[PDB]
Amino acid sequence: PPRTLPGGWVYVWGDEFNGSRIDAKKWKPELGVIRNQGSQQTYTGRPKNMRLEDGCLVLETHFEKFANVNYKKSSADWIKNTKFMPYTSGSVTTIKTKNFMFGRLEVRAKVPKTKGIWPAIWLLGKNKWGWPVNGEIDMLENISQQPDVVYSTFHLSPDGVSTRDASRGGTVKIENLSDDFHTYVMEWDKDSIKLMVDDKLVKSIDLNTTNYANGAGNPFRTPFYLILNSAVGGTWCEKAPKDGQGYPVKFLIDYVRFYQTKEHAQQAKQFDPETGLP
């Protein structure tokens, strides 16, 4: 786990996942049905779905009918009224363990390949806004139909006012992307965000264009928490088969490394994290 990188970067936080077990002061399981009224999976902290094998985090998706721990808890009717899901999988979140604000975030991962799988590396902004105004940085999203295509994608409202999703995203095709591990990299100042695979640029954003109207002030100059997950289905994503053909399937994260220059820790201290204003 290098401490340096040329550019006077320096390791600040991460996980090579070499432990006896997932480190609870670094990751927490998401539990139950969380998102996407078209999804087919419920999320569990059970090693079945979540564990360290061969020095990766393993998020492992099983065709398996399983009760939704949110079956009558949470304020979304379709979650609140869905007793069971076919399909269990894993999701870890730093929501409660680590927030990131400026730096370079390196995530190395091999992705599953079967009908309906939706592996994702992504971050949500913690600030006075709710989705999508808070912000969302999708380093990776992949879907079954188009399995060699990497989507990286920013989500945010057009001004501070409208809560419509004025998203900006790019794509690269990597041929047989499921064969090898690829490094997903986000560089982030208070002036831009770069989202790469494998040193190929998927999407840049200039943050001098994501200012929100009046005061409000920029969702991308607040801290963001990290999510590693495999969903199943989606309103757009091939749905996984009624009978679970192709499953089980694994999403392997070799490592998560966060780095910061003197510069990136400097810029952080100089913005109201609740708003992104100077």
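From 1 onward, residues are counted along the sequence shown.
Look at the C-alpha B-factors of 232-240 and of 29-37. On average they run higher in 232-240. The stretch 263-271 shows the higher mean C-alpha B-factor when 250-258 is compared against 263-271 in the entry.
You'll see in the entry that, of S75, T153, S157, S89, the Cα B factor peaks at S75. Among the modelled residues of its chain, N142 has a C-alpha B-factor that falls in the lowest third according to the deposited record. Sort the modelled residues of the chain by CA B factor and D206 lands in the middle third. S167: CA B factor lies in the lowest third for its chain, per the PDB record. Split the chain's modelled residues into thirds by C-alpha temperature factor. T222 is in the middle one.
The deposited CA B-factor of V69 belongs to the lowest third of values across its chain.
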